[PDB]
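Below you will find one chain, with nothing else, as structure tokens; this is the form deposited in one PDB entry, and questions on how it binds or moves follow later.
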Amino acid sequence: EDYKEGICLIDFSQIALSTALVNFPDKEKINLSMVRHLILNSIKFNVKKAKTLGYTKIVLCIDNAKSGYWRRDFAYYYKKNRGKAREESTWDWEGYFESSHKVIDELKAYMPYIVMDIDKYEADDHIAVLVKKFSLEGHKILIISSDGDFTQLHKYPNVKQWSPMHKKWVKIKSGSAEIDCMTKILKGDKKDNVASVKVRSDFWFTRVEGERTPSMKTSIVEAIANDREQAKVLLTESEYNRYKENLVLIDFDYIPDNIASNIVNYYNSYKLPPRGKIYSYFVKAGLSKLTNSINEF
């Protein structure tokens, strides 16, 4: 093992939720014990994975949208399409989230991981900012994320990504990273209500029947990807101003100073619990099958 240890960042909320959507049936209350068991089982599996690959420092990166998103404070329509979807569902989202927040606080109090959890901050924020930090500090980095796109981090040395769901390595140095990032910035990212620079910013949220997004030439995307100064040249003023907006929504380098510094400061001041707390936590929570496996956490 290295003097600057290998660090594992886990895209954890998405892993737990994906597992929960398989394990927990529709039309049944999702309770604290159910969620605690699932979260701890998932941690056990993915920590073993990190440790065998040679990464010893475990950081659990959490999605916390209890009060929304910092990006939404900037662009109100951001990710509003997602909440719309859950409103309908007969799956117990309310119970899941309520219980997950409780378990996360238990992790903070008792388990030996850095739990990056800040209301209105996304797992991808923690990962992007900590990768920049750790990479410059000379740590090898492993991202555990089933479907996350981290190709924006292609410039950082010694960053690998493992996907638990697909059981395979994921490309970080994709060869088309900048063009793929710029495609989202210019053409939008509908899955997150991010709109093309050729329409009003809240297009996806306020779309009226019949409305269409004007097409944009791939060559403009490629041109601006290769030299961003060309944005002032190939885009109209209105499109350029929308471009500036979308940079904040998509590009990791445009995470605001206060947001990024809050992430770093949270990491630095983190109160790591002594490993002695693991056993007493398992006993307290009645996880009697796990008091046997303390060494696997």
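The first residue of the sequence shown is number 1, and the count goes up from there. Here the rigid core means the biggest group of C-alpha atoms that line up within 1.5 Å when the two forms are laid on top of each other.
There is another form of the same protein, the form deposited in another entry; it is not shown, and what comes next is about it.
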Next item on the list: Quick one: lay the two forms over each other on the core and tell me which of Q152, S201, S146, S135 moves its CA by at least 2 angstroms between the shown form and the other one.
Entry: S146
Check: After the core is matched up, is the C-alpha of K27 off by 2 Å or more between the shown form and the other one?
Finding: yes
Notebook entry, point to check: Knowing the Cα distance between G148 and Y110 changes 3 Å or more in the other entry, does it shrink or grow relative to here?
Noted result: farther
Check: Do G148 and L38 move together or apart in the other entry, judged by C-alpha distance changing 3 Å or more?
Finding: farther
